[PDB]
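Coming up are structure 1 and structure 2: the same protein chain in two forms, each one given alone as C-alpha cells.
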Structure 1
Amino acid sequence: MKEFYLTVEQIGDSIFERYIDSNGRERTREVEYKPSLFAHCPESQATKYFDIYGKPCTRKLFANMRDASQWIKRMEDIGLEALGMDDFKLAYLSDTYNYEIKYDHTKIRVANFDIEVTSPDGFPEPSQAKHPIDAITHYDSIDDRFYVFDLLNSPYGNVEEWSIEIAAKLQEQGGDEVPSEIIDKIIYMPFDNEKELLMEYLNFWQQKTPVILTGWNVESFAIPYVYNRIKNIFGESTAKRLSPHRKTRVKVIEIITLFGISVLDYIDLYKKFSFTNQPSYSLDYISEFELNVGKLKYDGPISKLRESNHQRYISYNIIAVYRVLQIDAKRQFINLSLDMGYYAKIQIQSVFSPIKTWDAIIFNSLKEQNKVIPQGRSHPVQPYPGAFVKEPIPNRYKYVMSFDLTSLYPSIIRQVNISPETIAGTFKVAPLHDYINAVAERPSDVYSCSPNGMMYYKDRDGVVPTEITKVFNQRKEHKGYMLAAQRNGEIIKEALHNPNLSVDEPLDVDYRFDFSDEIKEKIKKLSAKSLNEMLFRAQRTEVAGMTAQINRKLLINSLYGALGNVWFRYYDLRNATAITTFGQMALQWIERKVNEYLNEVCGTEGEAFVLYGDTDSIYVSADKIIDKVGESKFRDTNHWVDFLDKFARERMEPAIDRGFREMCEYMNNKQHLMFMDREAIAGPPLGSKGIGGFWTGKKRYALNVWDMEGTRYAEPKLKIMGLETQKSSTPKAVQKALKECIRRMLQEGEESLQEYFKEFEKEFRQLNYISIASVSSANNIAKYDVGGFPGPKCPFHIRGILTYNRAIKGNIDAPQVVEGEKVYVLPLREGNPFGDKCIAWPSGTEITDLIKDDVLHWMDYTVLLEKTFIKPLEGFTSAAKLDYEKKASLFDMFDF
C-alpha cells in the first residue's frame, strides 16, 4: 500500500519519524535531513526556482538543519530575505510524501486513557504526583480492547478485585451497567502494589506506543501525573520511555511534551470543533449534552470512593474512557483531525492552528510548481476595519425574508483576486458611500479593485485565490460523493428486502457516484452476503465523504482568520483591509439595489425594505409585499410562505444578481462571485396574534421561521440570535423560560406571553438552585484577592469566589475554584453568614455539603428573578412594543 507518516519530530540535526510502510507495518527511523532554503539571485543566473513575485532564486542546500537555521539568522543580520520552508519538519514531510496522502486509520494506534488517584489532602497536583495511581483504563484502537490496571493495595486501603459480572448487571440490580458491547473487550489486570502496576503499564506502553493520544483533560492531568509519578519512583531515565524516542520536555509550572506522539486532548478537540460554549467542560456535563447519558453516580467524596466502593470506583474509570469514545463516535473529531492533518501534510496536532495548516497547504502547492515561499516577516499588530452591521430600529417585524452571501470573504478574495503578489497599485479613494451609491468615478479600467484603494492584476489568478478556489471546488466534489454514497446506500437497502439465494460476490463499483441502471439491475440479483458487504462499503464511503467535505469547509472558513493574523506568512494589512472594506460596500450596495427594486415593484417611493444587515446578510421586511396582494388572498400559512418563496426566487434573485454584476464591472473585478441566496422566511401563523419576530438592536433578534433555503418546516422553528437564551452565562431554567416567552410572543401574542410570565414568576421559588444560577468564566482571581476579601473594581463573580474561598478555608477536602474555569454564581440576601452579597462555586457541580444548606437558605430569589429573567424579558417586550403585564381595562392599555 501507499506509505504514510504517523508522527514527525526534529531533535537537533535529526528528524525522527514513525510511519506505516508498504506492507502496512509501523516503522521508525532517524534521518539526518539536509534542508534547502533560497535567496534571490541575479537575473543572469538561470535556475528553475522563482519566488511568488516571479523573481529568480538560487537553492541553498545545507549539511544539517542547524546550519540552515544559523544561515537564516545571518541573512536577518545582513538584512536580506531568506526564502523557503523554515519549518524543516514540514519540508521533510513534503519531500518524503511528494503525493496526495492516502491513509488507513485502522493502522494508526489511537489511544484513549484515563487514570484515578485517591487523594485525601486535596487535588493531586501532576507536578508533585505525591500519591499513588490506583486505576488506569487504556483503550487501544488497533486491539479494540480496554486495558484496565487496578491497584489492590495502597496506603489508602487494601481492596478486593473488581468484578466484571457485577459491572455488567444493570443499575437496578446493584450493578454498574458497564455497556454490554464493551464488556467482552475488557482485559482486567489486578496488581499487588503500585511499582508493579506502573512497571507493567510502562512495558505495555512501549509495546503499544500511542500514535494519537487522547482522553479527557489528559494533557493537563493524566499525562503529567503518569510521567512524574514514574519519574519519582523509577527515575527520569525510565519516565522518558513514555516517548518512543526517549525524548521529553517538561514545561515548568506543568505541561509535558512526549516526542514522537501527537496528543489531542479531547477537551481541546471539543472546544476547537464543536462550535458551542458550555457552562462547564467536565466530562460528565459534556457527556449529558452529547449523549444524554446520566452521570456516573456514586455516593460520598471521590477521595473515599475506592475505599468504600472499589467495585464502582473501577467501573467509573472504565466508563469515563468509554464516554469519550462515544462522543467521538458521534462527532468524529479524531478522524477530522487525521483527514485535515494528512491533507495539509503537518503534524496532526497542528490542526489546532489555521496559520500552520494553510501555510503548509500553500507551501506544498507552490513547491510542486518549483516556486519559493516568502520569508515569514514580523508585522506590527494593528487592528483593521471589519464587517458592516446596520443599526436596526428596535421593533416587531411581522414578515421577514433574509438573504445570505455565499462564503463571503473567500468569495471576495477570488472575485477581486487578492493576494500579496497580485497587488498592482492604488487609486484615489472617495468616501465609501460614494461607491455604495455608484457616485464615485470608476477606480480603474485595467485592474481589479477594492473600495479601500487597492488594485490587483487580472491577467493571472493569485496564489491565495488559486489555493482557496481549489479547496472550494474540492468541498463540492466530496460533498457530492457523500450524497451519492448516501443514495447508493438506499438502493442497497431497498435490495436487501428480498435478496436472491445466489452464489456471487460484492459488485466492484465506485460508491462515490450514483449507480447506473445497469448496476441497479445487477444489484437486484445479488445475495444477502454480497449486498451487506456493499452497504458496508457504501456507508464507509459516505462517512469519508462527510469528513472530507467538513475538513474542506473548515479550511475555507479559516483562511480569512489566517490572512488577518500578523504571524501568517501571507498576511498583508492592505489586503486584509481590501477584503473587509469590499465586504462593506457589497452589503450596502445590494441593500440599496434591493430597496430600489422593491419600491419600484411595489409602486412606492423611498421605502426602507432592508430592516437589518450584518457582514454577509440582509433582512427584508416583507410586510408591504404581502399587502400589495392582500392577506385575505392567502388560503393558509403555507400559501403565503410559498408566495414569498416564489417571489424571492423569480423576481428578487434576478434583480440581486443584476445588481452584483454591475458592482463587479464598476470595480472591474476578475470575476463575479457575489452570490446571495434566499435564506429564511419568517412570520406569525396566519390568523394568529403572533408578532412574527423582533429586533432589540445590533446582533440581537428573534424570528419564527417556516422555511430555510427551500426546506419547509413541519413546525415553525425559532431563530434566536444574541438574546440571553443563546448565552451560556444565562441560567438554564431562565434560558428555557425566556425561550417560551419568545415563542409565545412570536407565534401567539401578547396575552399568551402575559399568561406565561405570571406563572413562571410565581413558581420561580421552587426551581433547583443549579438551574437558576448564573455562570461565568473566572479569570484573574488573585488579581482581586486581598486578604481573601474583594479588592478595587472586583467583578461580581470574582467576589463570589472569594466569598466561597473564605467559607471553605480549613477544609482540606473542599472543591477548589480553578483559575480560568467557570463557576455558578448566586446572590445572597443581606445578613447571611457568608459575609457578602454573593457566592460562587465550580460550574457543572453541586456545591459542597458543608455550606450547601446555608447557601440554599440565604439565596436571594427576588434579585435572581429580576436580574436574570425580568430585566432581559422587559428588553424583549420593550423593543417589540408589547406589555408583559395583563391590564384590567381597555384604557389601561395606554400610557396615560
Structure 2
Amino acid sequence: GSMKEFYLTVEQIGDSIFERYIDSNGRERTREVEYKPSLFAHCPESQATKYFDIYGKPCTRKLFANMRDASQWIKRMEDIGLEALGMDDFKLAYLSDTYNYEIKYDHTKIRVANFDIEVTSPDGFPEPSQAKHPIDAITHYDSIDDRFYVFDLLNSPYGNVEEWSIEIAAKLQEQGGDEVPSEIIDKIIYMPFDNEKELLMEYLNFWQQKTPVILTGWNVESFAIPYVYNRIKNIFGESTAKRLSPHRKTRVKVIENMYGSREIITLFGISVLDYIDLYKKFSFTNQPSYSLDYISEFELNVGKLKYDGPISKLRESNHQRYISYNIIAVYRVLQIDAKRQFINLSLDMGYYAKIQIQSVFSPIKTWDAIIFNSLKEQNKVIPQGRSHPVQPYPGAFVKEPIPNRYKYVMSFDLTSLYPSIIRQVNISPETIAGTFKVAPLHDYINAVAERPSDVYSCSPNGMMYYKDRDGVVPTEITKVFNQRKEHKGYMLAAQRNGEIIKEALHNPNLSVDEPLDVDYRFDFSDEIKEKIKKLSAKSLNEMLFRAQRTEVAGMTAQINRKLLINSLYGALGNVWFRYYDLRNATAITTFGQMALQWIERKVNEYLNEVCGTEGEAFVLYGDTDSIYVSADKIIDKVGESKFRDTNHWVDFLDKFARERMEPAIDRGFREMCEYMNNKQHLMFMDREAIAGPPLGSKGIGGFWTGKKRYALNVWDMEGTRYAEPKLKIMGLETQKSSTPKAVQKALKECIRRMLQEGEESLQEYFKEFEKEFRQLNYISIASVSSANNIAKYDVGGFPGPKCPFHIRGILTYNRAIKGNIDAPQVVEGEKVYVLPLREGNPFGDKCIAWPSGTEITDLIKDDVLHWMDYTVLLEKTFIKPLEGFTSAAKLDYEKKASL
C-alpha cells in the first residue's frame, strides 16, 4: 500500500517481541518476532569496525540468537568487570530497527478506549484487589467507532431494576431528565443483562473485537482495570481474565513509593494512560481534590450531576440516573482531553522517541530512547547503565529581597536557561575535556578571577568541555527546544489575539453575524482586526473561546516540551539515568548561578549610569533565571505627571526595556561567554513583566514578603498588552491548594486592592470579609492537606508523638466514625479538608479532617458545623497571611481600637 507503517503497542515476552501495528494497507496487525538483538564489547584497536563507544573507543557487535541469552551475557560481563554496551531494553532496539525513519502516525487508526464501571457496595469501598461485589454498570467509549457502549446489570443481589431510557436521559432535570448532553445521545449503544456472568462475558467478547491500544479513564489503572480483571478472575478463572491482554499475559505489579505499596494490572499489548495520571504530570496544577466531579468543574466549568442519598443506594433509588451518571463520567474525560490534549501530547512524545506510549510518564526512558536512536544513526554505542549513590548537589541562586512595596517593576527571564546552558557550554558525557582550579563563584561573577581556559568551554564549577565537537545531549535537546519555541509562539499569538477580542467586547456592535474563520496561532492581520470590531457579542464570545482553547493547546505543547528538556537536565542528577554525572549536573546549576548574578551586576552598573546615581540596587530580586528591576527612577527621570494614562508609561517602559536594557544585557552576556570561552552565546533574556499601579491611584503596584513570595499588578507580559491589569501572584497563600477556596478569593481581592487602589480600599474590604465569613459554606473555608503516614502517628486511634495537625484531624474523624461501614474512609496519600474545633466539642480533639472533594458524612456533620472554631480558622487562614502581606507592603489592613 501507500501508507507509512507505525507501531501501536510492543512487548518483550521471553525471546519474542509481540507488536501491534498499522500496516501499509492501514489495517491493525499483530506479529510475534523472535528478535535477534545486538550488544557490544570494548575490542582492541586492531579489531576496529564501524562501531565506537561515545568516547571514540572501538567495539565489536555481538549478535545473539535470542534476547534471554543477551541479558545473560550482560550478567556474566558484570561478573568479569567488563562493560556490556548497547540498548539493554530490547524492545527499544526492535522499535529502532523496525522504524528506522521519523514516524508519521495517523491517530484516526489508533483505538483509544475510555471506560468507567459502577459497583454497588453496602459494606464500604469495594477494594479492586478482591472485587467481591457485582459490576452492575460499564460505559466504554471507542474512538474508532465514536460510540459509547453501555452495559447495564438489571438483576444483582442488591436489587432488580428496569431498563434505562435514552428518552428520559436526554430530557432536562425538570421533567425527570438526566441532562445527558444531546450531542452524544445518538452515539449510545445500550445493552441490558439478566445476570452479571452474561454482562462480563459480553464485555470480554466485545473487548476481543475492539481491543484498546490506548486505554484511559479516571482512576482506571488503580480501580476499574484491577476490579474488572479480578471480578472476571474470581468467577471464571485466571485464563478468562487474561483475555483482557491480546497476548493473554498480565502482571499484578506492585507499585512502591515511600509510604507503602499498591497493586496494578499490567495488560501486555495495551497502553494504559490513566487520565488522572496524565492530568497530574501535564496540567501543572495542584488540586485540593482529584475526583472527576472536581476536575470537571475546574476545567469545563460544568457542575456535578446531583443525586439524593448515598452512592451505595443510588441504583435501587434512581438506576435511570445511576446509568446516565456512568455515561457522563466517561464523556467528562473526553471533554477534558479535547481541552488539554494530553493523549495527543503522549502520542507525539511516544512516537518522536521510539518508546511505548505509557513510557511518556518517564523522562529517563524517553531520553534514553532519543539519545540511543541518535547515537545508533552514527554507528555509536551507548554505555552500560551503572549503579551510583544518591547524593545532594547544589542548584539555583535565589536573591534575598528587602520586604517592601515596589511601585514600578520590569522583569527579565533567560530563555530555557538550563537547556541553553547545556548548548552554550558544550555539556555532554563525551565532551568532557578536563578541569581547572576553581576560584570562588563571587570572583567569576565580578570578573576578577583568571579566565579558566583559552582552548575549552568552561563552567565556574571547574568543568572544561571541547568546543570542536557536538555533544549528543546538546544536539538532541536543541531539537526538542525548537519545537517548544514554535508552540510557545502559537500560544502567545493566541494570547495576544484573545486580548484584541476582549477589547472588541467592551463596545459590541448589536448585529447578527457568525465567528470569523481564522488561525488563532498567528497574530490577526489589520484586516481581520477591522472585521472583528463589527461583530456581535455572540460572535466575539465564540472567537474568544476558540482563542483561549488555541492558547491552552499551545500551553500544553510548549510547557511539556520545556518539562522534557528540563527533565534531561534533571536526568543528569538521577542515579538511574544512563548519562548520570554530577559534574555535568553541577556544571549547569553553577553556571546558572554565575549568569544570574553576573547580569544583576551588569544591569545595576548600566542603570546607575543612565540615572546618574552610584551603587543603587535596581535589581530588587531574582530566582534561578529571572531579574526584577525597580523602574521608579526611570519613571521619575521623565516625571510621573507627563504621562497621559497607564498605557503611556507602560509603552515608555516597554521601549526602554527593548531599546536600552536588552542591548546592555546582551553586551553583558557576550562578555560572560568570552570569559568562559563557551561554544555559543545563548544567554538570551526576554522582558517579561511590566508592573505598576494605575496612574493617579494610591495602588502600591507590587510587594515582596521574601524569597518566592511576591505580587505584581501586570499591564504587559512578554508582549501581551492586557485589556485589564492581571495580578501575577507567586508563592502567596492565594496560589496554594492548602489555602481554603473562599480565603484564596478574599486574599486575592486584598492583594488586588493593595496593588491597584491602596490602603483605604484594603481596610474597607477587610471589614467586609470579616462580616460575611461566619455565613460562608464550611467546605469553602476548610484547609486542605495531603495525608501521608497516618499509621506512623496512629497510637490506638489517638495522636502519637509529633503527630501532624492534619493527621490528628484524621484520627479524630476515624474515632467518630468507628463501626460505621458506609462512612467514607480517608485514603492514605490522598487529600483531606481540615477544620479546627472549639474547646468542649464532642470529638475530644482540637481539629477534624475528612476526604477532600466530599461533604462530611451526615452522621457527624451537624456537630462539626456547631463546634467549628471560626475565630481560629479566620486568624490562621486569612488574617495571619494578610498581616504578612501588609507588614511587607508597609500598610495596615485595619485601624486599631478607637473609643
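In this text, rigid core is short for the largest set of C-alphas that superpose within 1.5 Å between two forms. Structure 1's sequence is the ruler for residue numbers, which start at 1. Only residues modelled in both forms are compared.
Enquirer: Please name the one residue from 793, 297, 428, 497 with a C-alpha displacement of 2 Å or more between structures 1 and 2, using the rigid core for the superposition.
Expert: After core superposition, the single residue displaced by 2 Å or more is 497.
Enquirer: Please report, in whole degrees, the rotation of the smaller rigid segment with respect to the larger one between structures 1 and 2.
Expert: Here the smaller part turns by 38 degrees.
Enquirer: Once you lay the two forms on top of each other by their rigid core, how far has the C-alpha of residue 528 moved between structures 1 and 2, in Å?
Expert: Its C-alpha moves by 25.7 Å once the cores are overlaid.
Enquirer: Give the rigid core superposed Cα shift of residue 476 between structures 1 and 2, in Å, rounded to one decimal.
Expert: Once the two forms are fitted on their core, the shift reads 4.7 Å.
Enquirer: Quote the shift of the Cα of residue 638 between structures 1 and 2 to one decimal place in Å, the two forms being superposed on the rigid core.
Expert: Its C-alpha moves by 1.2 Å once the cores are overlaid.
Enquirer: Taking the rigid core as fixed, pick out the runs of 3 or more consecutive residues whose CA atoms all shift by at least 2 Å between structures 1 and 2, and give them in sequence order.
Expert: Only these runs move by 2 Å or more: 251 to 253, 470 to 558, 886 to 890.
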